[PDB]
Structure formats: structure tokens, C-alpha cells
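Take a look at the structure set out below.
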Amino acid sequence: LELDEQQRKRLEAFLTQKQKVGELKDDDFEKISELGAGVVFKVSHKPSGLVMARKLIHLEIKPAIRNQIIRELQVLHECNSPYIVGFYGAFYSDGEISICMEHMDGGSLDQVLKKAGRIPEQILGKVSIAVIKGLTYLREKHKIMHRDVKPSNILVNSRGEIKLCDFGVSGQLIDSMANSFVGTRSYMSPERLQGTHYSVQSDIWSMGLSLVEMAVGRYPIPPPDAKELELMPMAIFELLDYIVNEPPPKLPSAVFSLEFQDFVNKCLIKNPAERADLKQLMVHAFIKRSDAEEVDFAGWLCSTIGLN
Amino acid sequence: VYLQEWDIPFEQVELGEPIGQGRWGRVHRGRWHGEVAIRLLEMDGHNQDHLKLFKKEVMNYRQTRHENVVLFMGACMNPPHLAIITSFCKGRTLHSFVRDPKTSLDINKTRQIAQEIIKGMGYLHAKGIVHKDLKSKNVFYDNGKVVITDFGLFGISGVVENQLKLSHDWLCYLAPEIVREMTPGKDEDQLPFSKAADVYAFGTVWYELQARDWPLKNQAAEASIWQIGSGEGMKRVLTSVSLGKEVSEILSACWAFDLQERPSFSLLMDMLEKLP
Ligand SMILES: Nc1ncnc2c1ncn2[C@@H]1O[C@H](COP(=O)(O)OP(=O)(O)NP(=O)(O)O)[C@@H](O)[C@H]1O
Ligand SMILES: Nc1ncnc2c1ncn2[C@@H]1O[C@H](COP(=O)(O)OP(=O)(O)NP(=O)(O)O)[C@@H](O)[C@H]1O
Ligand SMILES: O=C(NOC[C@H](O)CO)c1ccc(F)c(F)c1Nc1ccc(I)cc1F
Ligand SMILES: [Mg+2]
């Protein structure tokens, strides 16, 4: 699984630190500040001084399905890879589900994007590598797909790592909560929107649409006006109908290399049959380039936002 | 409204156990001597217009009485606190009733239940009241008798972020006119409910009488929104498993993409009559 040594030694350190903190209850945690809402808050755990992140979601429903949810989520203890956020534990408290996970110093690429304004091509290559590796790990090891890929669920630390949060491990939690929400943007593939059976193909599309947004600093649909692009009020159904019935976004041709332009074009093919899978994407020209490059990520991150 | 303004003689009504929350306050069981259902609302708005329109709707509901519409009894408003008192329905919701193993539906029982609902809706429409929330969970079945609840109620402007959260069961009953206008920060009161939108929701209840399930399996709400508002999803489901031509004719009529081509409830009585 192309598992590097420095990576395997930081996985071991956190797995053995995992049992050091052990099991839990409620009053072990203490608030720090507002990470944001879609709620997750920065937290201090008092048995082990390490600070973790606790996400609370409000679900009053029948306790029988509540117990099914907790037991399905414990599979996250088996999910451990250098490209997926460190998971600590899951418990029910006060009819408020809490997930305790790694704290990521730099937050979400959504936050990154607002402070950074735009993301350079050189570095988008590395995040793209991480996602395809994570998704094959996920599809191969436990046979699941993510179902909710977007910038606010990609997290970065000053340690220079990249990992993804909020992937779809529990089916019950999806049918009982996750489905009911609709935001102001949509990252859903065109074949999911028409309700056919979808696969990780749908996830490839999400990654592609997310990459456009970060590369130009603007949510890409509907496409920016022609003069607006050089310088750099719509209801939700008109958004969805554009995605299904109009051409897909594309990167601007003057600024980015072919390999980048071609990578996203293959991710954004409407027909998931012709869209690249992960095997094809891992051997793509753009991937071979960035994997072999030399970027110091930690430096970029800390000078973008002001950490150390 | 001090509840002494209503034709039902009132000395005292006592709250009982709660029986479910929702976007529109909390509904308790209560004893008027008979049992009743009491919905407690609160008006954030606190604006004279909201209570003026509330007063308008609750006075209109006073004028209603029909064996297929739940009996509206009283309403009192000590602002910001409000309460709506209706007759308590013994028996099971039609929703939980078709989903029972033991239950025996047939080509006849379905048509009878459907004609009951239409008489209730037909009355309500004649008096110019739009339900705005017809669905399987707001119709009650106790032995022979069928009662519609929770009508008119979407017109009010009481307490309910910059996201939206839409249950799947509700979306299935919503006509395309409505879901195209949905968008965060838009209240339910601004949506285009109507008599046609009510007959579309009757379309979904009739499908539920045939198939004892949603016409669309639980899925992401964005998916449902596209499929509902494009009309594609309802056209595809009509393809996928068929029932009977005469049965399906009323379904296709009610779900008609252009709202103006949808039948009235009086007409729907005739169509349901000329059946097996
Ligand atoms: N483990 C985490 N570490 C740091 N920040 C986090 C973490 N999890 C979530 N956040 C932040 O929480 C905020 C909201 O994330 P989230 O709870 O996933 O809701 P959302 O992404 O905005 N919408 P949705 O994905 O549909 O729930 C963002 O600003 C994230 O950066
Ligand atoms: N008149 C009534 N008689 C008996 N049960 C009722 C009556 N009105 C409402 N209920 C029940 O009270 C509960 C809550 O009703 P309601 O507030 O209408 O929620 P809902 O229809 O499921 N969705 P929502 O309208 O958004 O709250 C449900 O179990 C209803 O079946
Ligand atoms: O996080 C999830 N959704 O975010 C949406 C918000 O809850 C809406 O407010 C989510 C969805 C499905 C699922 F199966 C999960 F396990 C989820 N949580 C979740 C899963 C793995 C890790 I490592 C960390 C996590 F947090
Ligand atoms: Mg209701």
C-alpha cells in the first residue's frame, strides 16, 4: 500500500497514544473556541493533556437506532492511514453524538482558501495525491465510498500532513441525518443527482469540482463571467439543473499546465463510465509529476495563516 | 382569542403527555369530557401583522365542519404564546397503517379510503382553505373512518440557520413548483402552495396506497430536489413498476408537471368511481 516509514512511525505513535488516553465519558472534555458550524469545538482532554477535537450533532430520535449508530461507527478504530484523520472514540451523551478526532492546526481547505484567496497549482498537486491514496485505501481495505467530498472536510496541520474528515462510514447515520441537509453549494456528481446507482466515480467528480474552486478562488458553477475571470443570487434548483444539463467547469487555459487542465477535465466527465477511476488517476501525468516533486508544505501553511 | 369566543363551551382544558415535536411547536394530548390534541406555538416575529394574519386563519377554521376533516375546536393567543386545540384522533396514522405486515389493502379498500380523503379535501377547497401539508402522516384511520389533520397550518409565522434541512417523507409529497423555489433563508410561508400542489400531494398518498412506500427511496435531499422539480423522477417511477392502467391514470393526472393540467378534487371523485 506504498506505506512509507516515517508515516508508519507516526501512525504507531498515535495508535499507542490512543490506548494511553483509553476510554472516556463526558466531563473529561473542556471547551476552547469556535472552529465552526455546518458543530465542532476545540477541546482539552483532562486525563491526557493532548488537545483533541469534538464534533457535536443534535439528533433526538428513538434510542434503538441510536445504539445501532454507535456500533457501526466503532469500525473507525480499524480505519488508520496517513491520509485519514486520527480517530479517538465515539460515544452518546445527552442525545448529542460526539466524535473525538485529531486536531488539525490549519483547519479546513475552505478556511485555507478564504485566507489564501487562491491556491497555487504546485501545491494542489500534493493534496490531489493524498485524496486518491485515501480513497483507494478506503475502497480497498473496508470497501466503502466517501459520499461527501468538499474543501471544508479536508484538513491540514503544521506537521505537513494532509487527511480527510467526515467520510461516510455508517449507513444508518446517512439515512437518518446526513441526507436531510442542503447547503448553498453542491458538490454532488451529476449521476447521483438523477438517483442512479453511484460508485466511487461520484467521488472522483467531487474532487474535481473542489480542485477548480481552490485553483481560482471562486466556487466554479455557474462559470465566472469572461472579464471577471481575468481579474481574479441563484436558487438551489437552478444550481442542480446547471450541473446536470450544462457543460462542466474547466480550468483557465492561460495560467495552468496541460497536465493540471487534463487531470481535472478527466475528473469532471459527466458520464461516470468514461470518467477516470483511481487506478487510472494514480498513473496520470499530473500525478507522476507532483509525487516526485519537492515542496515544503509546512512552510507554505504557516506563512499563509501565521502559525509555527 | 380568549377561547371564550368559540362556540364550544369551555370551562377548563388540561394538558396531558406530549406526543411529538416538529417545526410548528409541540403537540400534547389533553382532555377537554373528551380527549383533544393541543399544539403549543410561539411567535418570535412579535409583529402585529403576524398575529393579524393568524387571527384571520383561525377565524376561518372556525367555519369548518366535515366528517373527513379533523374538527377545529378552539385557539387562544396570549402573545407570544399560542395554542391550537383540535379533536384527538384515535387510531393509527395512515402512514404507519399501510406499512403494517398484518394490514390487508386491496383494489377496493384503497379506492374507498381515497374517496374519503377527497371529500375532506373537496370541502376544504370549497371554503378556500389550502391544506399546504397534506401527507400520509396527517391522515388518520380508525376502523372505517378517515380524518385529515394539520391543515392550513403552514400559513403561520412562528418559531421554527443558513442551511436547509428537509425530511425525505415531506419532499415526496411536494410538487415541482415548490421545490424549485426552495433555497436557504426562504421561509415555508413564501413557498407556492396551492390547490394544485395539494392534489399533487394527493398523488403521492395514492401511490403510497398502492405501494406501501415512498416513490423515491431515501437519498440525499439535493438528489430528490432535482428529481422532483425536473419532473424526471416522477416520470421514471411511473415507468419502473406499474400497477394498473386505470389506477395509474389518476397518478399520472395528479403528478402532472404543469400544475394547471392537474385535476380538481371534485373531478377526482368521478375518476375514482369508474374503477374496478
Ligand atoms: N477535525 C477538525 N479539525 C479542525 N477543524 C475542523 C474539524 N472538523 C471540522 N472542522 C471545521 O468545522 C467547520 C465546519 O465543518 P463541518 O462540521 O464538517 O460542517 P461543514 O463542512 O461546514 N458542512 P457539512 O460538511 O455538510 O457538515 C469547518 O470550518 C471545518 O474547518
Ligand atoms: N389532531 C391530532 N390528533 C392526534 N395526533 C395528532 C394530531 N395532530 C398531530 N398529531 C400527532 O402529533 C405528532 C406531531 O405532529 P406534527 O407537529 O404535525 O409533526 P409532523 O406532522 O410529523 N411533521 P411537522 O408538521 O413538521 O411537525 C405526530 O405523531 C402526529 O400524528
Ligand atoms: O461527519 C460526518 N458528517 O458531517 C456532517 C455534519 O455532521 C452535519 O452537521 C459523518 C457522516 C457520515 C458518517 F458515517 C460519519 F461517520 C461522519 N463523521 C465522521 C466519520 C469519520 C471520521 I475519521 C470523522 C467524522 F466526524
Ligand atoms: Mg404539520
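Note on naming: chains are A, B, ... as they come in the C-alpha cells, residues start from 1 per chain, ligands start from 1 in the order shown.
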Using only C-alpha atoms, I'd like a table of the residues in chain A that come within 10 Å of chain B; for each, show the closest atom pair and its distance in Å rounded to one decimal, ordered by chain and ascending number, as JSON lines.
{"residue": "A:37", "atom": "CA", "partner": "B:161", "partner_atom": "CA", "distance": 9.9}
{"residue": "A:38", "atom": "CA", "partner": "B:163", "partner_atom": "CA", "distance": 7.6}
{"residue": "A:60", "atom": "CA", "partner": "B:21", "partner_atom": "CA", "distance": 10.0}
{"residue": "A:147", "atom": "CA", "partner": "B:220", "partner_atom": "CA", "distance": 9.9}
{"residue": "A:174", "atom": "CA", "partner": "B:220", "partner_atom": "CA", "distance": 8.6}
{"residue": "A:175", "atom": "CA", "partner": "B:218", "partner_atom": "CA", "distance": 6.5}
{"residue": "A:176", "atom": "CA", "partner": "B:218", "partner_atom": "CA", "distance": 9.3}
{"residue": "A:177", "atom": "CA", "partner": "B:167", "partner_atom": "CA", "distance": 8.9}
{"residue": "A:178", "atom": "CA", "partner": "B:220", "partner_atom": "CA", "distance": 7.6}
{"residue": "A:179", "atom": "CA", "partner": "B:220", "partner_atom": "CA", "distance": 4.2}
{"residue": "A:180", "atom": "CA", "partner": "B:166", "partner_atom": "CA", "distance": 4.9}
{"residue": "A:181", "atom": "CA", "partner": "B:165", "partner_atom": "CA", "distance": 4.5}
{"residue": "A:182", "atom": "CA", "partner": "B:164", "partner_atom": "CA", "distance": 5.4}
{"residue": "A:183", "atom": "CA", "partner": "B:163", "partner_atom": "CA", "distance": 5.1}
{"residue": "A:184", "atom": "CA", "partner": "B:184", "partner_atom": "CA", "distance": 6.9}
{"residue": "A:186", "atom": "CA", "partner": "B:222", "partner_atom": "CA", "distance": 8.0}
{"residue": "A:188", "atom": "CA", "partner": "B:222", "partner_atom": "CA", "distance": 8.2}
{"residue": "A:189", "atom": "CA", "partner": "B:223", "partner_atom": "CA", "distance": 9.7}
{"residue": "A:190", "atom": "CA", "partner": "B:223", "partner_atom": "CA", "distance": 9.2}
{"residue": "A:191", "atom": "CA", "partner": "B:223", "partner_atom": "CA", "distance": 9.3}
{"residue": "A:192", "atom": "CA", "partner": "B:223", "partner_atom": "CA", "distance": 6.6}
{"residue": "A:193", "atom": "CA", "partner": "B:223", "partner_atom": "CA", "distance": 4.1}
{"residue": "A:194", "atom": "CA", "partner": "B:227", "partner_atom": "CA", "distance": 6.1}
{"residue": "A:195", "atom": "CA", "partner": "B:223", "partner_atom": "CA", "distance": 6.3}
{"residue": "A:196", "atom": "CA", "partner": "B:223", "partner_atom": "CA", "distance": 9.9}
{"residue": "A:234", "atom": "CA", "partner": "B:183", "partner_atom": "CA", "distance": 8.7}
{"residue": "A:235", "atom": "CA", "partner": "B:183", "partner_atom": "CA", "distance": 5.5}
{"residue": "A:236", "atom": "CA", "partner": "B:183", "partner_atom": "CA", "distance": 5.5}
{"residue": "A:237", "atom": "CA", "partner": "B:180", "partner_atom": "CA", "distance": 5.3}
{"residue": "A:238", "atom": "CA", "partner": "B:180", "partner_atom": "CA", "distance": 7.5}
{"residue": "A:239", "atom": "CA", "partner": "B:226", "partner_atom": "CA", "distance": 9.5}
{"residue": "A:240", "atom": "CA", "partner": "B:226", "partner_atom": "CA", "distance": 6.3}
{"residue": "A:241", "atom": "CA", "partner": "B:226", "partner_atom": "CA", "distance": 6.9}
{"residue": "A:244", "atom": "CA", "partner": "B:226", "partner_atom": "CA", "distance": 8.9}
inquiry  = Within 10 Å of ligand 2 (counting only C-alpha atoms and all ligand atoms), which residues show up? I'd like them as a PyMOL selection string.
reply    = chain B and resi 18-29+35-40+70-72+84-96+133-140+147-151+153-154+160+166-167+169-170
Mind checking which residues fall within 10 Å of residue 262 of chain A, counting only C-alpha atoms, ignoring those fewer than 5 positions away in the same chain, and posting them as a compact mmCIF listing (two decimals) with N, CA and C atoms, in the first residue's frame?
# COMPACT_ATOMS: atom_id res chain seq x y z
N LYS A 250 -14.09 24.12 -16.25
CA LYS A 250 -12.73 23.80 -16.68
C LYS A 250 -11.80 24.89 -16.16
N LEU A 251 -10.55 24.51 -15.94
CA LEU A 251 -9.55 25.47 -15.51
C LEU A 251 -9.23 26.44 -16.65
N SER A 257 -0.84 24.40 -16.40
CA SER A 257 -0.27 23.47 -17.36
C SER A 257 -1.33 22.53 -17.92
N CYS A 267 -11.54 14.20 -14.42
CA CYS A 267 -12.36 14.07 -13.22
C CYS A 267 -13.79 14.53 -13.46
N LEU A 268 -14.00 15.49 -14.35
CA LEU A 268 -15.28 16.17 -14.48
C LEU A 268 -16.11 15.67 -15.66
N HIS A 284 -1.59 9.01 -13.76
CA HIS A 284 -1.73 10.11 -14.70
C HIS A 284 -0.51 11.02 -14.64
N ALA A 285 -0.22 11.67 -15.77
CA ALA A 285 0.95 12.53 -15.89
C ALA A 285 1.06 13.53 -14.74
N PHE A 286 -0.04 14.24 -14.46
CA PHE A 286 -0.05 15.24 -13.39
C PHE A 286 0.33 14.64 -12.03
Give me the chain A side of the contact with ligand 3, cut-off 7 Å, one line per residue showing its nearest atom pair and distance in Å at one decimal, counting only C-alpha atoms and all ligand atoms, sorted by chain and residue number, as CSV.
residue,atom,partner,partner_atom_place_in_ligand_line,distance
A:38,CA,ligand 3,9 (O),5.3
A:39,CA,ligand 3,9 (O),6.3
A:55,CA,ligand 3,26 (F),6.6
A:57,CA,ligand 3,9 (O),5.7
A:73,CA,ligand 3,16 (F),6.0
A:76,CA,ligand 3,23 (I),6.5
A:84,CA,ligand 3,23 (I),6.2
A:85,CA,ligand 3,23 (I),5.0
A:86,CA,ligand 3,23 (I),6.1
A:87,CA,ligand 3,23 (I),5.1
A:99,CA,ligand 3,26 (F),5.7
A:101,CA,ligand 3,23 (I),6.6
A:165,CA,ligand 3,24 (C),5.0
A:166,CA,ligand 3,1 (O),3.5
A:167,CA,ligand 3,20 (C),5.0
A:168,CA,ligand 3,14 (F),3.7
A:169,CA,ligand 3,14 (F),3.7
A:170,CA,ligand 3,14 (F),3.7
A:171,CA,ligand 3,14 (F),6.4
A:173,CA,ligand 3,14 (F),5.9
A:174,CA,ligand 3,12 (C),5.7
A:178,CA,ligand 3,5 (C),6.2
Selection: 9 Å around residue 211 of chain B, only C-alpha atoms, excl. self and same-chain fewer than 5 positions, as JSON, numbers by chain = {"B": [98, 206, 243]}
Test item: residues at most 8 Å from segment 106-121 of chain B, only C-alpha atoms, excluding those fewer than 5 positions along its chain, as an MDAnalysis selection string = chainID B and resid 66:69 131 146:148 206 209:210 265:266 268:269 272:273 276
Just-selected residues, N, CA, C and O atoms written as an mmCIF file, in the first residue's frame:
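As a result, out20.cif now contains:
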data_model
loop_
_atom_site.group_PDB
_atom_site.id
_atom_site.type_symbol
_atom_site.label_atom_id
_atom_site.label_comp_id
_atom_site.auth_asym_id
_atom_site.auth_seq_id
_atom_site.Cartn_x
_atom_site.Cartn_y
_atom_site.Cartn_z
ATOM 1 N N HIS B 66 -66.823 18.879 8.999
ATOM 2 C CA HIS B 66 -66.956 17.870 7.955
ATOM 3 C C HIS B 66 -66.370 16.566 8.478
ATOM 4 O O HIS B 66 -65.336 16.580 9.149
ATOM 5 N N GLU B 67 -67.038 15.446 8.178
ATOM 6 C CA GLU B 67 -66.678 14.177 8.803
ATOM 7 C C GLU B 67 -65.329 13.630 8.350
ATOM 8 O O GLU B 67 -64.856 12.651 8.937
ATOM 9 N N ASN B 68 -64.698 14.226 7.340
ATOM 10 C CA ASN B 68 -63.382 13.789 6.900
ATOM 11 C C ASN B 68 -62.278 14.778 7.245
ATOM 12 O O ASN B 68 -61.098 14.453 7.069
ATOM 13 N N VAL B 69 -62.632 15.968 7.724
ATOM 14 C CA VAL B 69 -61.686 16.948 8.243
ATOM 15 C C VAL B 69 -61.719 16.895 9.765
ATOM 16 O O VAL B 69 -62.801 16.849 10.365
ATOM 17 N N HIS B 131 -54.653 23.112 2.207
ATOM 18 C CA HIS B 131 -54.039 22.339 3.280
ATOM 19 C C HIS B 131 -52.585 22.747 3.492
ATOM 20 O O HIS B 131 -52.173 23.055 4.617
ATOM 21 N N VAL B 146 -61.912 8.047 8.327
ATOM 22 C CA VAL B 146 -60.692 8.652 7.804
ATOM 23 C C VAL B 146 -60.749 10.149 8.085
ATOM 24 O O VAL B 146 -61.744 10.805 7.751
ATOM 25 N N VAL B 147 -59.698 10.692 8.700
ATOM 26 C CA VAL B 147 -59.700 12.084 9.136
ATOM 27 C C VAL B 147 -58.394 12.764 8.738
ATOM 28 O O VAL B 147 -57.310 12.213 8.960
ATOM 29 N N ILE B 148 -58.502 13.960 8.150
ATOM 30 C CA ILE B 148 -57.344 14.766 7.766
ATOM 31 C C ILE B 148 -56.999 15.703 8.920
ATOM 32 O O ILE B 148 -57.885 16.373 9.458
ATOM 33 N N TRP B 206 -51.793 8.490 -2.925
ATOM 34 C CA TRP B 206 -52.401 7.385 -3.655
ATOM 35 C C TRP B 206 -51.340 6.365 -4.040
ATOM 36 O O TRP B 206 -51.582 5.154 -3.972
ATOM 37 N N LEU B 209 -50.805 4.293 -1.177
ATOM 38 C CA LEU B 209 -51.854 3.290 -1.031
ATOM 39 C C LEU B 209 -51.590 2.067 -1.902
ATOM 40 O O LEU B 209 -51.948 0.945 -1.522
ATOM 41 N N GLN B 210 -50.971 2.264 -3.067
ATOM 42 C CA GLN B 210 -50.635 1.152 -3.950
ATOM 43 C C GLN B 210 -49.397 0.399 -3.477
ATOM 44 O O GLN B 210 -49.407 -0.834 -3.389
ATOM 45 N N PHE B 265 -60.491 18.211 -7.146
ATOM 46 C CA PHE B 265 -60.853 17.097 -6.279
ATOM 47 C C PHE B 265 -62.248 16.575 -6.593
ATOM 48 O O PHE B 265 -62.497 15.370 -6.472
ATOM 49 N N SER B 266 -63.158 17.455 -7.017
ATOM 50 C CA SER B 266 -64.476 17.017 -7.465
ATOM 51 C C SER B 266 -64.358 16.060 -8.645
ATOM 52 O O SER B 266 -65.005 15.007 -8.676
ATOM 53 N N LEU B 268 -61.723 14.284 -9.379
ATOM 54 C CA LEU B 268 -61.046 13.082 -8.901
ATOM 55 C C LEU B 268 -62.019 12.088 -8.275
ATOM 56 O O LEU B 268 -61.771 10.879 -8.305
ATOM 57 N N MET B 269 -63.127 12.573 -7.707
ATOM 58 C CA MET B 269 -64.159 11.668 -7.206
ATOM 59 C C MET B 269 -64.714 10.793 -8.325
ATOM 60 O O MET B 269 -64.872 9.578 -8.158
ATOM 61 N N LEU B 272 -62.126 8.156 -9.524
ATOM 62 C CA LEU B 272 -62.023 7.050 -8.579
ATOM 63 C C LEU B 272 -63.272 6.181 -8.579
ATOM 64 O O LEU B 272 -63.202 5.019 -8.165
ATOM 65 N N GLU B 273 -64.405 6.715 -9.037
ATOM 66 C CA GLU B 273 -65.631 5.927 -9.092
ATOM 67 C C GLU B 273 -65.574 4.893 -10.211
ATOM 68 O O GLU B 273 -65.848 3.707 -9.988
ATOM 69 N N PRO B 276 -62.329 -0.576 -10.976
ATOM 70 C CA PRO B 276 -62.612 -1.960 -10.575
ATOM 71 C C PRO B 276 -63.496 -2.100 -9.332
ATOM 72 O O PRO B 276 -63.741 -3.223 -8.885
#
query = as a ChimeraX atom specification, which residues of segment 99-196 of chain A does DSSP assign to strand (DSSP E or B)?
reply = /A:99-101,107-108,154-156,162-164,181-182
query = Excluding same-chain residues fewer than 6 positions from residue 219 of chain A, what lies within 10 Å of it counting only C-alpha atoms, as a PyMOL selection string?
reply = chain A and resi 185-186+209-213
Can I get the selected residues back with N, CA, C and O atoms, as a PDB file, in the first residue's frame?
ATOM      1  N   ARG A 185     -24.039  25.547  -1.723  1.00  0.00           N
ATOM      2  CA  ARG A 185     -23.273  24.981  -2.817  1.00  0.00           C
ATOM      3  C   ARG A 185     -23.598  23.496  -2.913  1.00  0.00           C
ATOM      4  O   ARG A 185     -24.106  22.893  -1.963  1.00  0.00           O
ATOM      5  N   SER A 186     -23.299  22.901  -4.066  1.00  0.00           N
ATOM      6  CA  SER A 186     -23.454  21.463  -4.246  1.00  0.00           C
ATOM      7  C   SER A 186     -22.183  20.900  -4.858  1.00  0.00           C
ATOM      8  O   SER A 186     -21.692  21.417  -5.867  1.00  0.00           O
ATOM      9  N   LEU A 209     -14.418  19.015  -8.946  1.00  0.00           N
ATOM     10  CA  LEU A 209     -15.085  20.297  -8.732  1.00  0.00           C
ATOM     11  C   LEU A 209     -14.434  21.085  -7.602  1.00  0.00           C
ATOM     12  O   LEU A 209     -14.338  22.316  -7.667  1.00  0.00           O
ATOM     13  N   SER A 210     -13.992  20.389  -6.552  1.00  0.00           N
ATOM     14  CA  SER A 210     -13.307  21.051  -5.446  1.00  0.00           C
ATOM     15  C   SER A 210     -11.980  21.655  -5.893  1.00  0.00           C
ATOM     16  O   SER A 210     -11.611  22.755  -5.466  1.00  0.00           O
ATOM     17  N   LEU A 211     -11.258  20.947  -6.763  1.00  0.00           N
ATOM     18  CA  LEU A 211      -9.965  21.422  -7.244  1.00  0.00           C
ATOM     19  C   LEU A 211     -10.089  22.701  -8.065  1.00  0.00           C
ATOM     20  O   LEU A 211      -9.259  23.608  -7.936  1.00  0.00           O
ATOM     21  N   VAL A 212     -11.112  22.789  -8.919  1.00  0.00           N
ATOM     22  CA  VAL A 212     -11.368  24.031  -9.646  1.00  0.00           C
ATOM     23  C   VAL A 212     -11.582  25.187  -8.675  1.00  0.00           C
ATOM     24  O   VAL A 212     -10.991  26.263  -8.829  1.00  0.00           O
ATOM     25  N   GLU A 213     -12.450  24.991  -7.678  1.00  0.00           N
ATOM     26  CA  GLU A 213     -12.780  26.069  -6.748  1.00  0.00           C
ATOM     27  C   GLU A 213     -11.526  26.614  -6.074  1.00  0.00           C
ATOM     28  O   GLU A 213     -11.316  27.830  -6.011  1.00  0.00           O
TER      29      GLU A 213
END
message = Would you pick out the contacts of residue 111 of chain A at 10 Å or less, using only C-alpha atoms, so that residues sharing its chain but fewer than 5 positions from it are not included, and give the list as a PyMOL selection string?
response = chain A and resi 35-36+106+116-117+151-152+154-155+305
One-decimal distance in Å that lies between atom CA of residue 79 of chain A and atom CA of residue 20 of chain A =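 Between atom CA of residue 20 of chain A and atom CA of residue 79 of chain A the gap is 18.4 Å.
Using only C-alpha atoms and all ligand atoms, the nearest neighbour of ligand 4 within the list B:144, B:203, B:79, B:152 is B:152.
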Alpha helix (DSSP H) call set, DSSP backbone run, segment 128-260 of chain B, as an mmCIF file with C-alpha atoms, in the first residue's frame:
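Listing of result.cif after writing:
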data_model
loop_
_atom_site.group_PDB
_atom_site.id
_atom_site.type_symbol
_atom_site.label_atom_id
_atom_site.label_comp_id
_atom_site.auth_asym_id
_atom_site.auth_seq_id
_atom_site.Cartn_x
_atom_site.Cartn_y
_atom_site.Cartn_z
ATOM 1 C CA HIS B 168 -37.401 12.820 2.869
ATOM 2 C CA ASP B 169 -41.011 11.874 3.658
ATOM 3 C CA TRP B 170 -42.085 15.503 3.148
ATOM 4 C CA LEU B 171 -40.175 16.068 -0.121
ATOM 5 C CA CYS B 172 -42.000 13.162 -1.789
ATOM 6 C CA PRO B 176 -42.193 20.737 -8.626
ATOM 7 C CA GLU B 177 -43.461 24.332 -8.409
ATOM 8 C CA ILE B 178 -42.458 24.282 -4.743
ATOM 9 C CA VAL B 179 -39.044 22.617 -4.727
ATOM 10 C CA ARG B 180 -37.710 24.978 -7.412
ATOM 11 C CA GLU B 181 -38.343 27.933 -5.079
ATOM 12 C CA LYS B 195 -54.887 23.688 -4.698
ATOM 13 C CA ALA B 196 -52.860 22.042 -7.462
ATOM 14 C CA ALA B 197 -49.950 21.429 -5.083
ATOM 15 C CA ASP B 198 -52.470 19.773 -2.748
ATOM 16 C CA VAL B 199 -53.717 17.415 -5.471
ATOM 17 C CA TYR B 200 -50.088 16.584 -6.288
ATOM 18 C CA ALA B 201 -49.603 15.575 -2.654
ATOM 19 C CA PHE B 202 -52.757 13.504 -3.086
ATOM 20 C CA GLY B 203 -50.912 11.860 -5.967
ATOM 21 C CA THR B 204 -48.191 10.686 -3.581
ATOM 22 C CA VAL B 205 -50.717 9.491 -0.970
ATOM 23 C CA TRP B 206 -52.401 7.385 -3.655
ATOM 24 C CA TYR B 207 -49.056 5.922 -4.711
ATOM 25 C CA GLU B 208 -48.489 5.072 -1.043
ATOM 26 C CA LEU B 209 -51.854 3.290 -1.031
ATOM 27 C CA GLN B 210 -50.635 1.152 -3.950
ATOM 28 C CA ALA B 211 -47.010 0.522 -2.980
ATOM 29 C CA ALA B 221 -32.132 15.776 -0.423
ATOM 30 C CA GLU B 222 -30.333 17.553 -3.269
ATOM 31 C CA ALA B 223 -30.958 14.457 -5.397
ATOM 32 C CA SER B 224 -34.667 14.443 -4.539
ATOM 33 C CA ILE B 225 -34.900 18.187 -5.265
ATOM 34 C CA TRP B 226 -33.579 17.765 -8.805
ATOM 35 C CA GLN B 227 -35.711 14.686 -9.495
ATOM 36 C CA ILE B 228 -38.877 16.294 -8.106
ATOM 37 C CA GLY B 229 -38.501 19.694 -9.766
ATOM 38 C CA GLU B 232 -37.945 13.378 -14.385
ATOM 39 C CA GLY B 233 -38.091 11.430 -11.126
ATOM 40 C CA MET B 234 -41.867 11.040 -11.233
ATOM 41 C CA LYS B 235 -41.793 10.084 -14.904
ATOM 42 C CA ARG B 236 -39.101 7.463 -14.221
ATOM 43 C CA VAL B 237 -41.011 5.939 -11.267
ATOM 44 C CA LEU B 238 -44.155 5.664 -13.407
ATOM 45 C CA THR B 239 -42.003 3.588 -15.778
ATOM 46 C CA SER B 240 -40.257 1.408 -13.268
ATOM 47 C CA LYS B 245 -53.834 1.465 -16.275
ATOM 48 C CA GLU B 246 -56.911 2.914 -14.568
ATOM 49 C CA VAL B 247 -55.032 3.143 -11.259
ATOM 50 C CA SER B 248 -52.028 4.725 -12.982
ATOM 51 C CA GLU B 249 -54.224 7.201 -14.876
ATOM 52 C CA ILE B 250 -55.122 9.098 -11.695
ATOM 53 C CA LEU B 251 -51.480 9.031 -10.562
ATOM 54 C CA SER B 252 -50.272 10.482 -13.872
ATOM 55 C CA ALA B 253 -53.004 13.142 -13.719
ATOM 56 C CA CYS B 254 -52.180 14.267 -10.170
#
note = residue 51 of chain B proximity check over B:192, B:104, B:141, B:157, using only C-alpha atoms: winner is B:157
task = Please measure the separation of atom CA of residue 31 of chain A and atom 29 (O, counted along the ligand's line) of ligand 1, giving the value in Å to one decimal.
result = 16.3 Å
ask   = Pick from B:215, B:155, B:231, B:30: nearest to ligand 4, with only C-alpha atoms and all ligand atoms counted?
value =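 Among the listed residues, the smallest separation from ligand 4 belongs to B:155.
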